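Any read-out appearing in this document is the output of simple, stated calculations on the displayed coordinates, not a laboratory observation. No Cβ is skipped: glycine too gets one built from the backbone with ideal geometry, and neighbour counts run over all protein chains shown.
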Amino acid sequence: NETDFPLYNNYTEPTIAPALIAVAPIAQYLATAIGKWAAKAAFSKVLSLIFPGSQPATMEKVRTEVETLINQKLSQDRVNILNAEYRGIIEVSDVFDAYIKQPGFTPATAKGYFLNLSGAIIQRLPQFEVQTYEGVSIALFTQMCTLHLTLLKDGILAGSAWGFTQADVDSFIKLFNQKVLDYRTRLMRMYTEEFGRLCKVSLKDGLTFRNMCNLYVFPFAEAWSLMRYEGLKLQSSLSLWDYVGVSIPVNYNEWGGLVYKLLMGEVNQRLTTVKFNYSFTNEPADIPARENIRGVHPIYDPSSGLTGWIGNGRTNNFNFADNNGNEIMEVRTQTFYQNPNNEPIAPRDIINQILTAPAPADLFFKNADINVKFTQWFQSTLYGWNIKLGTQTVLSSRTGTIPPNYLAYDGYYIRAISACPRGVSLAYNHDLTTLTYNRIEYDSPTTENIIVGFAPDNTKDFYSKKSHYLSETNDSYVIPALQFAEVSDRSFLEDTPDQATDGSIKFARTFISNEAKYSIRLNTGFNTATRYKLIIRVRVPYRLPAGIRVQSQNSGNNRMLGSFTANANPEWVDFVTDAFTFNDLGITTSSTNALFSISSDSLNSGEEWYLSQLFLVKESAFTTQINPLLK
Amino acid sequence: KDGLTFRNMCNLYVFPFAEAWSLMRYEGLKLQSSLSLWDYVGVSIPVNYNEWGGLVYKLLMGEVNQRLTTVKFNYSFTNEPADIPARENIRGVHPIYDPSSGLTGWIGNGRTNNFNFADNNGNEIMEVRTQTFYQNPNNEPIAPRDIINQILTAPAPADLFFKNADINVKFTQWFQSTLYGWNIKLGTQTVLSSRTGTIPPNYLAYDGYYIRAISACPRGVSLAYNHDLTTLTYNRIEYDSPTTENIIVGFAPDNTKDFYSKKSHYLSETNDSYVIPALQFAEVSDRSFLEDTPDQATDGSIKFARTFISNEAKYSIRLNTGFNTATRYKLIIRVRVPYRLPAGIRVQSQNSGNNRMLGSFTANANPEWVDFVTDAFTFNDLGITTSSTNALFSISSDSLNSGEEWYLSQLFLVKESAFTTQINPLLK
Amino acid sequence: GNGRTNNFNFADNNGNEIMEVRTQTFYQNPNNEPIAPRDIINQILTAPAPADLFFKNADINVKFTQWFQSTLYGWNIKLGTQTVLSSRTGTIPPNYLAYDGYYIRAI
């Protein structure tokens, strides 16, 4: 607090690398099972990873890590309560785990053991859903639902071997199909509640809480929605956000209407330049020196002019900033005083300049060092800033040395650099800030904050090459909907972090059509005779008479891959196309314009639908194991 | 002003016939001009020819496939030195087309002050007025001076379009200085009555034409920048300047009123031939520009120049009741391909889920305009009915190389029975 | 104090003193129209000595108004029978300045 020690992503000691958190081996094995499930054997492994040695020791490691990230701490009484519920789950699972490992056991015996385990988990689940402590317990809730949903799938697959009749399995399928939805709803209920509450205090606080869920909660929620299949890929592409600066409250309606859009900029483009509006002054000789951050201007595609200033880029107000075809970079004013005795010849300084930092030769910044120092004076608080991006010192404070604030995450790079408007209403231009065809910007006298988004390394190829490259050696590919080649107008950015991506497209055009296109190229050695299938993840809350249509476009060769009836349903649904090969689509190793198109007709006023992600999977590696239509 | 006056003449006496020349080899197409007439009111501003096609024409057209819904004016009045007479200034012009696109910005400037802001509290500042008072016992100069800076708003009428206007400017010399006084009227709405004295009328109107665009030309600044950045879409069509001191009005012919009202092309049974200017598109791809091709007897052509994804323009087509869907039709495409396109140019029908290829044409290099004719088809084949609301015609090509480009001019839809090629163009 | 009514240029120049500078500004929105036009006023107020050579009494008072950390002001000025300033912020109670057997010499 009152020390000048180095910080690490705003914290006082280094943070655990995202790949070394206590839930990481549980996620790693989950991804393996999504691609190939080992019947009547996966609940055991998941049991040994969540409760190693029949001990709750790992689950307490998870609690302590979460408590440190969000600066919330459970009381010693609440801790005694959770551990008691862990041991109850352990005992019942020890009985069941032990019995299936006995070769030649009695199937009807395990049936009763199976049922006892399921009810014991269902019974203790509400203990992790108390609203007063949901900021911490949401991570614990996720592991418990994960253990239960795994038990149901194993039971469904190994039916009679565990003493289940065909009416038993049919009962479990209905139970699974309902609880995979109910568990998602209950988790999202806790996340939106605590996030909305924390943002109203401060956006920095709400981002810090969101950074935790991205690592501990949302990757598993996505996994839940893939467990009914075998052969798809589990991959998260959620970004981590570092907020440096003052406190700015934000309602939840303001987060989704304006703020998130300003942070993302051009969601399918890499950053090539960012600029900063900087102020320095010490004109009253008594008051100490001060600095101000007035605006932030990230530039993505240099040919789009989509993103504008957040804050303001006005360096003066005496006349202009363009005129003669040249931008004004720095205005400096000096003033001099003098008296015979005790000469106050200390010349004051006023500085207003735009600071430019081009993207490096490596296309992306790997890390940064940005910090702000507060200084109190009567009723006023002053500011001093330090900026560094990559190896480029942008700003060294003129008010005094400021300790470092190392912003970095192993396995992540910097994609977006934005800021949040300060001192103005965040209620305007929501319905006008679309993905394209509008000026993504907001005016403000200052921002006094800088926000940095770290994207996972699995996204580096797309933001470098502007296309998705398919290999022969992989079986499944995930395509986040925001990694599009082009999109139609009157479409928005929707925050859907439960999908384990950085967002979804909400279409809302009432003329022509709604369309999103994705660029596909083939690496050499690709087998064009292999059969593939395509899965489309959408949500259709209003009826679409003409439906949704997936199509291949390869120069002159256009082909329909699937046309799907779109009935109204407020949950996420999956559409699977027939099989095809790449030779049918005419796509080769030299093809440079091949696109996948997902499209619908125009909509009515007040209607909308959502695109989340695409799944490309070899026909041999894919199966539907739990029919979703059996509710 | 002088160059527009000369261009207005050619539009009426020269260019309609040049287009006719390029249809004489056929029998069955339609001769129709859609060139606009431009009224320039204000001071003298020189402009090179490279500046006309790189920036100025684009600023005049705004959103080339949209109708105007609002235009705003930045107005200045002052008589602060009591000796010098009153003066007025036009500082900026902001035409708004699609209210959801934010494509067009100020030409000139919309800054009414510089003491602080113009937004902040979610409300735009409309008028700043400053008064000042003096006094002396004998010969009291109690005449209070006035300084006025305000934004003037004129919404598009209930008839969707203004039919005429009355705008004029009065010059007054004073030592080495020339002063200005302005009068503005649009339709039946008096926007500005001059505070310097009565100004005679200047009736702007052409029988058979209506007002589509209201723009202006930047004054006192270089017109050399942002040419390669001012595309049809995906960029901010604007230019900063201390004043404009001019207003430019474009009158479009009445044969264009249906498209700018309905946003679609309606086909009738009783007609034989239809012309579709390329700028009357439903949507267009990025990195495409406005090209002045007045010899085509239209208001311009699309120059495609995208080096990724694809180059595509789409056109909206609806059917009036009584249309015979069993009639056979053909489609003619007027393009210019100065560089080779290996994968060619492709015409396609898109009607909800029903997409069909109407023609795929070899694109060899040739610096003259060429015509591509598709095979015959019927509208029943394309699945299009009287209730269809999303049917589109797509003309597309692949991505291009750096420095390459091709041009789209117009489309011709003609009944197969009414059309013949009478002079083979391949016999050179 | 200071008699500067502005800082855009001058106060003399053409042989005449500048008495009042008033600035108005106008805003507008379709719904809940904030058409309340703001006002900025800077003026020099003159009060000549009466025909009786001296003012006998006066009525001058100031009203304080608190707002967050800020205190605002409103003034009322009267000399003799001449109302110099009536407050634009609201009514301010009188403050009778007078002493029997005394007159006003200095202000």
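Just a few scattered comments:
- Hey, A:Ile328 away from chain B (no Cβ under 12 Å) and within 30 Å of A:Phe492 (Cβ to Cβ) or not: no
- B:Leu160 being closer than 30 Å to A:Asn326 by Cα, among the aliphatic types (A, V, I, L, M) and in a loop (DSSP other than H, G, I, E, B): no
- The sole residue among A:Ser476, A:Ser513, A:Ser491 that is surrounded by 18 or more Cβ atoms within 10 Å (Cβ to Cβ) and touching a helix residue (DSSP H, G or I) at 6+ places or on another chain (Cβ under 8 Å) is A:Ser476.
- Taking the criterion of being in a loop (DSSP other than H, G, I, E, B) and small (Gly, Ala, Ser), the residues of segment A:414-455 that qualify are A:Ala419, A:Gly423, A:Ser425, A:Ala427, A:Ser444.
- Candidate set: segment B:360-371, residues that are more than 19 Å from B:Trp21 (Cβ to Cβ) and either among the basic types (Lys, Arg) or out of contact with any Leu (no Cβ under 7 Å at 6 or more places or on another chain) (or both); chosen: the one nearest to the other protein chains (Cβ to nearest Cβ): B:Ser360
- Only listed residue being over 28 Å from C:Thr23 (Cβ atoms), crowded, with 17+ Cβ neighbours inside 10 Å, basic (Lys, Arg) and in contact (Cβ under 8 Å) with a residue 12 or more places away in the chain, chosen from B:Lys30, B:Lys58: B:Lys58
- Filtered residue count, segment B:73-101, keeping only those that are in contact (Cβ under 8 Å) with a residue 12 or more places away in the chain, in a loop (DSSP other than H, G, I, E, B) and within 14 Å of chain A (Cβ to nearest Cβ): 4
- Among the conditions (1) more than 28 Å from B:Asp159 (Cβ to Cβ); (2) within 12 Å of chain A (Cβ to nearest Cβ); (3) surrounded by fewer than 19 Cβ atoms within 10 Å (Cβ to Cβ), the only one that B:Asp272 does not satisfy is (2).
- Residues of segment C:40-50 classified as of a type in the set (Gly, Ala, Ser) and facing chain B (nearest Cβ under 9 Å), total: 0
- With respect to the conditions (1) buried (at least 20 other Cβ atoms within 10 Å of the Cβ); (2) touching a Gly at 6+ places or on another chain (Cβ under 9 Å); (3) more than 30 Å from B:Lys330 (Cβ to Cβ), B:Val64 lacks only one, and its number is (3).
- Unique match (being closer than 19 Å to B:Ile309 by Cα, under 28 Å from the mean Cα position of the chain (by Cα) and either in a strand (DSSP E or B) or small (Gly, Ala, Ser) (or both)) among B:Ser360, B:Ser399, B:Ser409: B:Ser399
- Any strands (runs of 3 or more DSSP E) falling wholly within segment A:503-620 and containing at least 1 residues that are small (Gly, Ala, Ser), within 12 Å of chain B (Cβ to nearest Cβ) and on the phi < 0 side of the Ramachandran plot: A:514-522, A:544-554, A:557-566, A:595-600
- Members of segment B:241-264 that are of a type in the set (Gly, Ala, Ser) and more than 29 Å from B:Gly108 (Cβ to Cβ): B:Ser261, B:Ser264
- Scanning segment A:436-462 for residues that are crowded, with 18+ Cβ neighbours inside 10 Å and closer than 28 Å to A:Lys533 by Cβ yields a total of 3.
- Output for segment B:239-258, where each listed residue is surrounded by 19 or more Cβ atoms within 10 Å (Cβ to Cβ) and within 14 Å of chain A (Cβ to nearest Cβ): B:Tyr239, B:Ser241, B:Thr243
- The set of residues in segment B:379-396 being more than 27 Å from the chain's Cα centre (by Cα) and closer than 21 Å to A:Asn558 by Cα consists of B:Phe379, B:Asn380, B:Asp381, B:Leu382, B:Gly383, B:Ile384.
- Of all residues in segment B:224-236, those satisfying the criterion of being aliphatic (A, V, I, L, M) and facing chain A (nearest Cβ under 10 Å) are B:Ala224, B:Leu229.
- The residues of segment C:1-39 that are among the aliphatic types (A, V, I, L, M) and either more than 9 Å from every other protein chain (Cβ to nearest Cβ) or more than 18 Å from the chain's Cα centre (by Cα) (or both), listed by number, are C:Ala11, C:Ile35, C:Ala36.
- Neighbours by Cβ (under 7 Å, 6+ apart or cross-chain): first from segment B:174-194, touching a residue at least 24 places away in the same chain (Cβ under 8 Å) and β-branched (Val, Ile, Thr); second crowded, with 21+ Cβ neighbours inside 10 Å and part of a loop (DSSP other than H, G, I, E, B): B:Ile184/B:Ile167
- Residue pairs meeting the criteria (Cβ under 6 Å; at least 6 apart or on separate chains; first facing chain A (nearest Cβ under 7 Å) and without any contact (Cβ under 8 Å) to a residue 60 or more places away in the chain, in segment B:344-359; second in a loop (DSSP other than H, G, I, E, B) and surrounded by fewer than 18 Cβ atoms within 10 Å (Cβ to Cβ)): B:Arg346/A:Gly556
- Restricted to segment B:1-66, the set of helices (runs of 4 or more DSSP H) holding at least 1 residues that are more than 24 Å from B:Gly208 (Cα to Cα) and of a type in the set (A, V, I, L, M) comprises B:57-61.
- For beta carbons closer than 7 Å, sequence separation of 6+ or different chains, a first residue in segment B:112-131 that is without any contact (Cβ under 8 Å) to a residue 12 or more places away in the chain and within 8 Å of chain C (Cβ to nearest Cβ) and a second that is surrounded by 14 or more Cβ atoms within 10 Å (Cβ to Cβ) and of a type in the set (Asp, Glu), there are no qualifying pairs.
- Tally of residues being among the charged types (D, E, K, R) and either under 27 Å from the mean Cα position of the chain (by Cα) or loosely packed, with under 13 Cβ neighbours inside 10 Å (or both) across segment B:81-123: 4
- Filter result for B:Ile317 (within 14 Å of another protein chain (Cβ to nearest Cβ), farther than 17 Å from B:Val337 by Cα and crowded, with 22+ Cβ neighbours inside 10 Å): yes
- If you go through segment B:373-394 and pick out every residue that is within 14 Å of chain A (Cβ to nearest Cβ), crowded, with 18+ Cβ neighbours inside 10 Å and out of contact with any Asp or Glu (no Cβ under 7 Å at 6 or more places or on another chain), you end up with 4.
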